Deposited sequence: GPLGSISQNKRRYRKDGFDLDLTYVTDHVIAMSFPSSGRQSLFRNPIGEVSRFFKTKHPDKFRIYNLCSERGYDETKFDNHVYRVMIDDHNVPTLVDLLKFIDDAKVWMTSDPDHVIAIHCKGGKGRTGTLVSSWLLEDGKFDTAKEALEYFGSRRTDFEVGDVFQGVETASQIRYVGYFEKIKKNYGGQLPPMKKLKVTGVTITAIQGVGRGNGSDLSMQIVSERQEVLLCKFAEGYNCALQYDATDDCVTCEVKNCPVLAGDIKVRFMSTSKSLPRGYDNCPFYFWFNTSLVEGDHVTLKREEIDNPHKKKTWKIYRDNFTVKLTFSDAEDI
């Protein structure tokens, strides 16, 4: 419209999703907002990797450092909701524009959460699906990774069960991992696998199954599964990312430079373990990998503390 040719979408009348303003060239994204929404916009940059001259948007850019194919911290997500809320409710004409690189996975994570906050939807599934329709009914059009779906759900849970405020802190130690449908995955018995636990951007534990480096591996051919005792785990708090690596050539890497990974938040765990199915693990959630990760592929972390 009106001389503009932009990868930009009105998710609602006052919520916009878009691509990175590059040098979508930044000058025309700059014009667009100065023309269509003068003095009434706030840009959210969701890329940890890239920034720009924010003066082109009159310094109205707010940054969320999110890694490509990952999730914001819950703290960060909640802060974004607060910032957007204040801006949105201040003036009925105020508009928010949210972006990552593709205006896809990270973007969809905050937009669907914003849609929850704003009461347009009751459930994360509905919001995600709605964002998916506007951006392109499937939850995976909305965001890119299973952890991104989980974090929208986390926000749903916070809003519904914790009055929009952070839950009470729990801390955990990982004591065990079980992986089911191990056959056809890497070497098929877990010998090629290692697990890295990441908290606050740092490695906090590395386990190598074959060598028994911080672990003890057990392979059960009858049950087609691996159980691994995890040792030396530090106390874990907040948003934990668990990454699985392979030394095996037949196990390809998806996003995050590994075969498969996932995020969870310690306080939003229930009881004693978390079990993820195939469509809830990052990378195996993609149909292209389903002859490797079969439909009873599963990852379970066992906790204490």
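Asks: Going by C-alpha coordinates, which parts of the deposited sequence are missing from this model?
Replies: Deposited residues absent from the model fall in 1-14, 38-44, 158-161, 331-334.
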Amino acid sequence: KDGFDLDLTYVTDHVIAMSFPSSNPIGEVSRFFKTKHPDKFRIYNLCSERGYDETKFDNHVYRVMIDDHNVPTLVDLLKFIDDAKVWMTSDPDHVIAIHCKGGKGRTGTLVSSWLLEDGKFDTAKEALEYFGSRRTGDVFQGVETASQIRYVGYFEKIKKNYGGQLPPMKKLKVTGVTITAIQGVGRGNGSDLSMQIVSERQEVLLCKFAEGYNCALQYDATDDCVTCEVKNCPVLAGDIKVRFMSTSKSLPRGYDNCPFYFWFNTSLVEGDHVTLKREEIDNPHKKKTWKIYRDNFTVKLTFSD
From here on, numbers count along this sequence of modelled residues.
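Asks: When the C-alpha temperature factors are averaged for each of 58-66 and 29-37, which stretch ends up with the higher value in the entry?
Replies: Of 29-37 and 58-66, the stretch with the higher C-alpha B-factor average is 29-37.
Asks: Could you check the entry and say whether 173-181 or 217-225 has the higher mean CA B-factor?
Replies: Averaged over C-alpha atoms, the B-factors run higher in 217-225.
Asks: Among 102, 72, 212, 108, which carries the highest Cα B-factor?
Replies: Of the options given, 102 has the highest CA B-factor in the PDB entry.
Asks: For the C-alpha B-factor as written in the entry, point me to the maximum among 232, 113, 194, 141.
Replies: Each of 232, 113, 194, 141 was compared by C-alpha B-factor; the highest is 141.
Asks: For the chain shown, is the CA B-factor of residue 80 in the lowest, middle or highest third of its modelled residues?
Replies: According to the entry, residue 80 has a C-alpha B-factor in the chain's lowest third.
Asks: For residue 188, return the chain-relative third of its C-alpha B-factor as stated in the PDB record: lowest, middle or highest.
Replies: As the PDB entry reports it, the C-alpha B-factor of residue 188 lands in the middle third of its chain.
Asks: Against its chain's modelled residues, does residue 208's Cα B factor rank lowest, middle or highest third?
Replies: CA B-factor rank for residue 208: lowest third.
Asks: For the chain shown, is the CA B-factor of residue 125 in the lowest, middle or highest third of its modelled residues?
Replies: It falls in the middle third of the chain.
Asks: Considering only modelled residues of the same chain, in which third does the CA B-factor of residue 279 rank: lowest, middle or highest?
Replies: Middle third.
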